[PDB]
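Student: first chunk of the complex, coordinates as they sit in the assembly:
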Amino acid sequence: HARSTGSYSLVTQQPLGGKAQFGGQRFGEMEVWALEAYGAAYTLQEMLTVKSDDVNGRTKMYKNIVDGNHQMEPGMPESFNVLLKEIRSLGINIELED
């Protein structure tokens, strides 16, 4: 089973799971470490944002690759913002200083 790109969950735009759905593989914290053991930085970054959630970012990527330009725009995760607002739910005001 493969997945170039397909749907995404909606509450969080992470590519859906399972094989019935055109789901992407499970990429885990253990792997996260196994990657940090190497100085495998860009790998991990473009892994967990540009191919997972950075919607603006992933669109820009898809374009640049399908038009001959391997280059990444970092952006900033989305489901993270979900957590941000989720803690904004309770009165614990959270903020992102300058």
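Tutor: Thanks, I have it. Residues are numbered from 1 along each chain as shown, chains lettered A, B, ... in the order given.
Student: now stretch A:29-40: buried residues?
Tutor: Across stretch A:29-40, burial judged by 16 or more other C-beta atoms under 10 Å covers residue A:35. Heads up, the C-betas are built off the backbone N, CA and C, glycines and all.
Student: got a list of contacts for it?
Tutor: With C-beta atoms under 8 Å, 6 or more residues apart in numbering as the test, stretch A:29-40 has contacts from A:43, A:44, A:47, A:48.
Student: restricted to helices, list those.
Tutor: A:43, A:44 (DSSP state H).
Student: can you give me the distance of the spatially closest residue to residue A:60 that is not a sequence neighbour to residue A:37?
Tutor: Counting by C-beta to C-beta, 6 or more residues apart in numbering, residue A:73 is the residue found nearest to residue A:60 once chain neighbours are left out, at 5.1 Å. As judged by C-beta to C-beta, to the nearest Å, residue A:73 and residue A:37 stand 27 Å apart.
Student: count of neighbours near residue A:53?
Tutor: By other C-beta atoms under 10 Å, the residues close to residue A:53 number 23.
Student: and it, what element?
Tutor: Assigned by DSSP states H and E, residue A:53 belongs to neither a helix nor a strand.
Student: drop chain B onto that structure:
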Amino acid sequence: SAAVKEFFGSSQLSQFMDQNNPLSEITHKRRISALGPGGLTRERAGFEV
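Tutor: Chain B now in position relative to the chains above:
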């Protein structure tokens, strides 16, 4: 009738007949467990039992 239909069509002591072998078809009846209502839990599992 509501409760009966529920029980049959819905109870963790009921599953599709494992049906791909005259063997498995018979293994899936001479089988006994202690799960569900009146039994321990898959992660409540005590070593002894």
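Student: re-run the earlier check on the neighbour count of residue A:53 with chain B in the model.
Tutor: 23 (other C-beta atoms under 10 Å in any protein chain shown).
Student: what's the separation between residue A:79 and residue A:53?
Tutor: 6 Å.
Student: any shared contact partners between those two?
Tutor: Residues within reach of residue A:79 and of residue A:53 at once, by C-beta atoms under 8 Å, 6 or more residues apart in numbering or on different chains, are A:12, A:13, A:14.
Student: which one (most neighbours) among these?
Tutor: Highest neighbour count within these, by other C-beta under 10 Å: residue A:13, with 18 neighbours.
Student: my guess is that residue meets residue A:79, correct?
Tutor: Yes: between residue A:13 and residue A:79 there is a contact at 7.3 Å, judged by C-beta atoms under 8 Å.
Student: list the residues that contact both of these two?
Tutor: With C-beta under 8 Å, 6+ apart as the test, residue A:13 and residue A:79 both reach residue A:53.
Student: residue A:47: neighbouring residues, count only.
Tutor: 15.
Student: with residue A:57 instead?
Tutor: 21.
Student: so it belongs to a strand, correct?
Tutor: No: under DSSP: H, G, I helix; E, B strand; the rest coil, residue A:57 sits outside any strand and is assigned helix.
Student: residue contacts, it?
Tutor: With the criterion set at C-beta under 8 Å, 6+ apart, residue A:57 makes contact with A:49, A:50, A:72, A:73, A:74, A:75.
Student: here is chain C, add it in:
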Amino acid sequence: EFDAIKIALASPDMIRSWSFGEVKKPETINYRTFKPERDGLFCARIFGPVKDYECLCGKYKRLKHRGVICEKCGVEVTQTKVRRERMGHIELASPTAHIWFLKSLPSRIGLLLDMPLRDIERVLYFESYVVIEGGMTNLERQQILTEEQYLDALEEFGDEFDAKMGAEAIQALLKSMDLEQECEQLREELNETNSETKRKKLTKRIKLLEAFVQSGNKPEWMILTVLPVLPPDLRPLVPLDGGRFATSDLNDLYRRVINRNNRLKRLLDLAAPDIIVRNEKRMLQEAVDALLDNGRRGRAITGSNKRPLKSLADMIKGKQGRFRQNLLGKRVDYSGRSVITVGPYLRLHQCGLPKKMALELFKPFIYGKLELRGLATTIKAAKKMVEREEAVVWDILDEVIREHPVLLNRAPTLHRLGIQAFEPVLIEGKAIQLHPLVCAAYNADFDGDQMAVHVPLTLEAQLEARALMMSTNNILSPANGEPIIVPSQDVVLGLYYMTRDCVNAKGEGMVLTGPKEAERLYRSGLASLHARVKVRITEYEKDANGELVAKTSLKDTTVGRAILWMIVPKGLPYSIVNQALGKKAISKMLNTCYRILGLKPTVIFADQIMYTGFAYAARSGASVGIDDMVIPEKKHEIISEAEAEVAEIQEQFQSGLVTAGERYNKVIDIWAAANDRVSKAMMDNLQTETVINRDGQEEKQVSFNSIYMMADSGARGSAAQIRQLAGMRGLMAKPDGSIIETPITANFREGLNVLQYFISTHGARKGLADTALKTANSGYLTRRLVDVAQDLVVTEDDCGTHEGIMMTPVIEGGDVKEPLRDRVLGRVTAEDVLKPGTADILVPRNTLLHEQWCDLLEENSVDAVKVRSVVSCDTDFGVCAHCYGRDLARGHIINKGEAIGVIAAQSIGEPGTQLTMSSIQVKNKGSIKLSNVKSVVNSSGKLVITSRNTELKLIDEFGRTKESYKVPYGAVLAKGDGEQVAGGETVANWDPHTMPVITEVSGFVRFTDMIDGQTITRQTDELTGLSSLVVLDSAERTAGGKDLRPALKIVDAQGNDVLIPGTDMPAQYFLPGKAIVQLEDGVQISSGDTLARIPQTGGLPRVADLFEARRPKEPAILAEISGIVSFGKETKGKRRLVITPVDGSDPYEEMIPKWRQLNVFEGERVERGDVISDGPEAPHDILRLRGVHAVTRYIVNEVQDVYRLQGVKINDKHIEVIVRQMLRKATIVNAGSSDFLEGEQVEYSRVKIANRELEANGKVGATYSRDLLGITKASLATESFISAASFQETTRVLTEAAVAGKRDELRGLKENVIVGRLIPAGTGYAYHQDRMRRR
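Tutor: Chain C, in position alongside the others:
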């Protein structure tokens, strides 16, 4: 983009400041239009456009009409994206007490009013009242009332006296509480108290008060009056995202919550009987409760089907909250998964890959290439072309792969090699081949495993993979410089079958002149393979200055030896190969090859090796059949005699002649005997049956049983496996752990009978369940481990220090385990080294210690070497290189910026997957010596030492210790100190069957205060006869004289107390319960018999509890400070004692559970840290009583030994760095010229640099003591809460940081992942250097 994240609280003002409106209507949808309601939980009127740029006005179509709000809709005009995030709010009707700040455990509010929790509780649900400024009556601002009390008082005090119930009064109190005055009050009281418990509660409270009054936080804010409501699009009506559909039950609570609110108002709007208004207030409070964190009350509101539903907190915690579910682990695009196969034709740097997955994984690339080529014109054209595989496509794809890497991984990712890179070759198949070497790293069988595969996109990413995760880059296990490319099992059988010799084969012993001829004479079938033969060869060496000078000779070897030898690359001498070449041989060959040659020779070598091994194994025909299992003919013999005897001993017992326990023991031992005997029988018979003439009679060399061939090869299978196959597999366990009386008499050749088989069944089921649980616990273990370091990065080079620890080989008392060669190998030394001959420096000062240096040392009986170590580094935020040394996988000083913590943690956590759950007869020859000595001479005129600290040590003839042994008090030495020793004798021995309580001079003894009945007893000795007026336990003797306990005044013939030799005070000690001097009154004893006589886990959880700084059970009390020992108050519950220095005040006055067995008598002056009692080591105390390197070395040795017990290997630097983290907070003990308090704690390195600044000025900063916290402790007390929140227990740490109002500077990894930037790990380290340098 943006710097540090900050947390704080929010006045309901700011809640208003957020929301784009306020929601009141409890419902959502029209069920006909399916549109939002007019003013409801989803309504556009606040949240916004359900489409983009137009709403139910239909009034605004293009960018000309965007933006400006409608009047029919009322809603602004924009894209629906913003609806996802806009927040709302409810206005509360009655105030609400927040639950988190109520059940912090301990409550950060009850203490804020110093209140017992249950009272604030009963205030909430209104089971009682509460007095707010009781006024001109005897009732107090913190008093509460039973209802009737309130009723009655309020009768006679229906005045300005105030008593209510509910968050009303709490918002009152909090709002009506100033702090600064309160603070100073606490200052005073604290400064005044002598009770420590009060001191602790008060210091915590004053701490929290300084926390609040420190920044702009206002306590009443913990009472809710404005409820913020989540953006609508995150709790959608139904996810509907395929599959079964979820319910997003949040709204429901919300719904019911909002419901009650209006009801409240409505009922207040009716002037309702206040009892029931109370009820509705209660309903509201419980509702908002259940919204915030269900379950913290009595009955968690089950959703349905008997399931609890999900609050705002459940989205957060567990292995399914945002953190452990989608912030860290995340399914990713451009990935695939399949089954695996071998494909041995592949070389090292490449992997097979099916056509299909290959096609999808690169669709964008293919599109780009086609449209660059013009073969298609639009994207749709390309989609169609790719659909039905217009046969051009393939070559297109071919070009795309040309060197495009891929990344492979397995499911349970243990360590740094579980995920690697490859360069695929395209297969018209469906499965994945695999270079059959790497399969070890993947711990992977080929029985249905499933591998996963991902693809780098950016050129930078391809580069990262290329240089850093390619199989051509990962050959030395990061756990230990072992080559990790071990040719596993069948190449092994091949090679072994090749390098070997038959007694007489075809054309054996002829002469040849080139391995070419060897090959030919083999294939031509004119010469056998394993046959002795003289052959001319040559060989090389770059022993000279790089130049691999070659040189010939003639050897006598076997053919295949040479055949292989044609492959061995340049710089190798032949004798490396002349052996028979089992497995570890090829291992060490690989290693030395890598060490002397570099890298590419090694990989080419290994590849060729696999090729040749597979080929020759193939040629071999190494089958196996019913005749591979030889049988001990005398099996039945040993068994028949064993059972004959056991029948006898059993009928002996059954006749009543012995005890059942020892009879069982005898049965155990006899079955063990027969077991080992038949083992010897078989194994020997098998291993040698070569009997074949050599033109003469015969000779007997290593036989050729395929089974035996494997075993001696060590390719696969345990000798015990054979043992089971042929020999009877002895006895098995018991559900308990007992053992069945009769053993398994049978083998597997013959068949088991029912019962034996049954028993084996039980044992196997046991082992399997243990496998399950073991994997389980190892999981959470490695979790904590990786989590505890998570941030340690090589920040520098050389911390500028010449300390460290003096490492030495380990001696378990008997044999030594690690030669000094190892602890040193690759660990930069601070000081240089001397020779045993004085002034003979050997190594330079601070040099890196590679292998030729290990040689130069090892030849010189090097003793013990100081070396840099991580615990000792002189740097903040990381560790200097030389304190760390070599990369353990790259034979050079580790570069600058790796994440050492994570590699250490993975290494350590991996092997848990498989882990489990007197006399001195020296044997060697040399010199005897001792340490911590105090001895005595007898009429025997020999040495008998008089301490429990004496340390025997056997020094060899070289200069390096071979043995040492702790030998207890009262042990007679046949020899002395400074003699010769041999094997087979004991030099000293004692009696552990008593307690030596000797005094060491000849004189007179007494029954001084030893009056029977009160503290001692009369003993008409029924064993000998001597009327030993024997001592019992005074505390179990009479209750009046149990204080005047039996002293033993050592006196002479003069009767005067003989002042101890040299000393001016004699030995006036005690004979406690059952401490007997059988020798009578006034007897003149000579030294040589004790005065008083008193005849006297480890698996993985051991490591687990160890790292958690867990509890020793019955710790052994050490010496806080020197001095002598005294006895005062007694049985204030327990025994007591006091200790006095030689110069300072007696500071130590401690009680003891009377059970304890002392270690040193009163009069002795001991040194600090001497173990004044018996038992284990109390790690915290080990630290504060022993410094650092003590406890470090300790832990190191324990874990290393628990591993050693299982053959596994881990370099110590990992354990080093783990401990290095383990202590990071120090407790100040004198504020000094610094500012902080005295009884608190601060980050060690932070206060350290604080001193570095301070102590640049004569004003001496704060004195302190480094501390010890277990991993689970230090995981929390970090500069970061986000990383903490990633760890367990979100709730308390989170509300805590919020109350505090912290701010996180993002200095670390587990946080630079969340924001998703370049972690300062590899490349990212460089960029972070840069980005800091900018500002």
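Student: please reconsider the neighbour count of residue A:53 now that chain C is part of the model.
Tutor: Residues near residue A:53, counting by other C-beta under 10 Å: 28.
Student: isn't it up against residue A:81?
Tutor: No: contact between residue A:53 and residue A:81 fails when scored by C-beta under 8 Å: they sit 9.6 Å apart.
Student: strands of the stretch 751-900 of chain C, residue ranges please.
Tutor: For the stretch 751-900 of chain C, the strands defined by DSSP state E, counting those that start in this stretch cover C:794-796, C:805-807, C:833-834, C:841-843, C:865-867, C:879-880.
Student: out of those strands, nearest to chain A?
Tutor: Closest of those to chain A is strand C:794-796, at 11.0 Å (criterion: C-beta to the nearest C-beta).
Student: mind checking the SS state of whichever residue of chain B sits closest to chain C?
Tutor: Proximity of chain B to chain C (C-beta to the nearest C-beta) peaks at residue B:47, 6.8 Å away. When classified by three-state DSSP, residue B:47 comes out as coil.
Student: give me the neighbour count for it.
Tutor: 9.
Student: count of residues packed around the residue nearest to it when sequence neighbours are not counted?
Tutor: Among residues not flanking residue B:47 along the chain, residue C:769 sits closest, at 6.8 Å (C-beta to C-beta, 6 or more residues apart in numbering or on different chains). The number of residues packed near residue C:769 is 12, by other C-beta under 10 Å.
Student: all good on my end, thank you.
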